[PDB]
Structure formats: C-alpha cells, structure tokens
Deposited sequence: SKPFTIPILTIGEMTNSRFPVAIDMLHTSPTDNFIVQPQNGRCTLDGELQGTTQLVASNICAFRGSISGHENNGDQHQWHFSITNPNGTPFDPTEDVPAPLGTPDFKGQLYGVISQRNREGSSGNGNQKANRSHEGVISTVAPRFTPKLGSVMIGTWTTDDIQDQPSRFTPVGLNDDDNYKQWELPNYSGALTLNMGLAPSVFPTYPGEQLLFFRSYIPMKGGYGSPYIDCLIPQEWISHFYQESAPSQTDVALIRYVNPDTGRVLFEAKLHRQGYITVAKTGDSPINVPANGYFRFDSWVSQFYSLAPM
C-alpha cells in the first residue's frame, strides 16, 4: 500500500556504495563472464540490507579497532589490526554475515591512512599518530570475519598497540585489482557465509547498468574504477521507506526534469540492481540534471526500448 519512490538526486549528488567517493558516471558493460556478487551496496527495493552493507558512506572500506604488534611472519612493516564493528562493539562471527560491515568486497590493495589515538592521556592530551598503509585483501592474514586484517606500512616503527582507525583513499596499485572477485573473508580457511546473491541480466539484449567511480592510486599506471549496483543514497531511501515491491521489476525512466525528455528506460529489479537494453562497454551520456523516476511495476519479461 505504501508507494515506492526513487530519490530525485542527480549523479553528482550521490555516493558510490562500494567506495566512499562521489559517483562519476553511469556505465554499462557485458558481464556474463564475471560473477557479479558485490557485498557492499546491497539493498532490496523494500529496504533489506544485505552482504556487508551498512548505512554510513564514510564507513565503506573503513576499519576500526586496534593494533596488536606484528603478525607471525615477523615482518617489521606488517601489523596485526584487530577489528570491531564500525560502532566499536565487538564483531560477532557467529552471525551469518560475511565480515564486519563495510569490509572491502574486492581483491586488491586497499590504500589509505591508519590513525591512532592512545587510550590514556599524557596529562587529558592523548598522543596521536597517522601513517599511510595498505591492507591487502588477498593476504593470508586478511581474515576480517575472524576479527583481524594485516596492514603494511612504509615505516617499520611508528605504529603502537593502540586504538586505530583506517580511512580509505584508493588503491596502492591496480596490478591485480579484481572488483568482481570476493576476498576470502576468513583466509585460506574461508567458507563465506551470509553473502548477498550474485546478479545477472536474464532477458535477451540486456546488460547491468552501474554507477561508476574512478578511484585514486598511491602509484603505478592505470585508471581503476569501481561499479556499484545502486547509490548509497538510494540504499538510505529504500531502508527508510520500506515500500513493498509489487512485482519483481520497477520500470524507471531517466528524465531531464527541464524538458521531460526521457533519455532512456531501465529495469530496477527487486533485488536492488538495474538492467538496460544495451550491448557493449560504454558510458551513458546524460544531462547533469537528470535522474531516474519510477513509472510502474512490470515483469521480468518487459522489453525495454534500446539505448
């Protein structure tokens, strides 16, 4: 009975739900040779968060917890980062969640800053230190589901056994950055549980539509990007509204609000992703003022106008 609605925000007014940066563009590409199963940015149209998805954009790809010395290999540039829930409460692995909320959902070298503030003041006047660090999501000691990750720094000294928070910035490099490959949240001992399901276009001629952002790198060559299924602000909206999905597919039109011109139409699936009738890898050129409007509920077999 509660009507379903979509926010009126433009592309530049929204945030990528897989990395804490503004959305740069809409983009579509063939993905049938990938397993498209992101864990951040997952919410059904009726407001059910899935995977590792939480509500605060600034906590996406962030970690909070404390450092407890080095790992077992004795590498003086690597540190054991014990992690909690984003709220500071202890993470409970017995819940069927893949990892603490906001944990990165891709294989790669997550680059950012680790900041510390000591538990006890020097007088208050607590000591602080921050340094650049890299959290490899493919390292054997990347075990967020078990409560810890390994962080590498360029300094082998100035990291203490103190409360710590990691603010993400981008990637260290993109040599092996695989946005559609999930990390092993429990290490080589990984049986990932509680995952949001993979998504895929079933109707002929359709591809997934993504909200794409290009992300910074510490060094190296490349223009890495990350594609989310729906913006963080849509997740916030669906979570609040909890409007029942009347069918499996909401028909949405991307409209120029000045002219009423429809740039294209798309299928917004109840699972929280979009498909369009387009073939090939290309950005979607739209006016900066445009946004999606909900039109009606249709079936999985509705034939969209080609883009």
| field | Missing residue ranges, deposited sequence indexing starting at 1 | value | 124-126
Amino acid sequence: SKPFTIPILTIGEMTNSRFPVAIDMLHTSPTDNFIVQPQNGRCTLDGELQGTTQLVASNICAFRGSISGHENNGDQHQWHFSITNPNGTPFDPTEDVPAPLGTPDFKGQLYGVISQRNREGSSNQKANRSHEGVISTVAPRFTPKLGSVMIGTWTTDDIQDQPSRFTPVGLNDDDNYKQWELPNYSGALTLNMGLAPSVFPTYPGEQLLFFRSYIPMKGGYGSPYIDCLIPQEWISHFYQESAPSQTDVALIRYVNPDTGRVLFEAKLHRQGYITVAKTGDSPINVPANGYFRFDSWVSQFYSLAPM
From here on, numbers count along this sequence of modelled residues.
| remark: Ranked by mean Cα B-factor in the entry, 190-198 and 206-214, top stretch is 190-198
| field | Mean C-alpha B-factor comparison - 57-65 and 241-249, higher one | value | 241-249
| remark: In this crystal structure's PDB entry, the residue among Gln125, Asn128, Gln109, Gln232 with the greatest CA B factor is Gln125
| query | Out of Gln179, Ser223, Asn172, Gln76, which residue has the highest Cα temperature factor in the PDB record? | reply | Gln76
| field | Chain-wide C-alpha B factor ranking for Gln160, given as lowest, middle or highest third | value | middle
| Going by the entry, which third of its chain does the Cα temperature factor of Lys267 land in? | lowest
| note | By the entry's values, the third containing the CA B factor of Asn33 is the middle
| field | Relative C-alpha B-factor of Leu9, binned into the chain's lowest, middle or highest third | value | middle
| message | What third of the chain does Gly47 rank in for C-alpha temperature factor, lowest, middle or highest? | response | middle
